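No gaps in the numbering here: position 71 of the sequence shown is 71 in the authors' numbering, and each next residue is one more.
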Amino acid sequence: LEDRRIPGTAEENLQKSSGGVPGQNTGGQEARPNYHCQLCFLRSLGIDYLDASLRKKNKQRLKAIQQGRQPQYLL
């Protein structure tokens, strides 16, 4: 019986890396909003808010900010 589907570790086992690219940009039409300039504020809210747009990776960055800083996958 081969059932290697263990959630939170077997799918994690595939490469076991620290993520990489989220794919939340498209290029436009689907995303990339900017009409009343508030979306342009979201484009540069002191830029730590764009760390906000991507905090899914920063929930660990507290130690990765002082890590070896590998090829952008580490962050």
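All C-beta atoms in this analysis are idealised placements derived from N, C-alpha and C, irrespective of residue type, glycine included.
Would you mind reading off the limits of the alpha helix (DSSP H) that contains residue i?
{"i": "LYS16", "result": "No alpha helix (DSSP H) holds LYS16; DSSP gives it neither H nor E."}
{"i": "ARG5", "result": "It is not in any alpha helix (DSSP H) - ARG5 carries neither H nor E in the DSSP assignment."}
{"i": "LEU39", "result": "38–43"}
{"i": "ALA31", "result": "That residue, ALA31, is in no alpha helix (DSSP H); it is neither H nor E in DSSP."}
{"i": "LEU62", "result": "55–64"}
My guess is that residue i and residue j are in contact by the Cβ rule of under 8 Å, so how many angstroms apart are they, rounded?
{"i": "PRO22", "j": "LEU50", "result": "The pair is not a contact, with the Cβ atoms about 12 Å apart (cut-off 8 Å)."}
{"i": "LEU75", "j": "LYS57", "result": "5 Å"}
Please determine, among the options, the residue with the shortest C-alpha to C-alpha distance to residue i.
{"i": "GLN70", "options": "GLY19, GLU11, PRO33", "result": "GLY19"}
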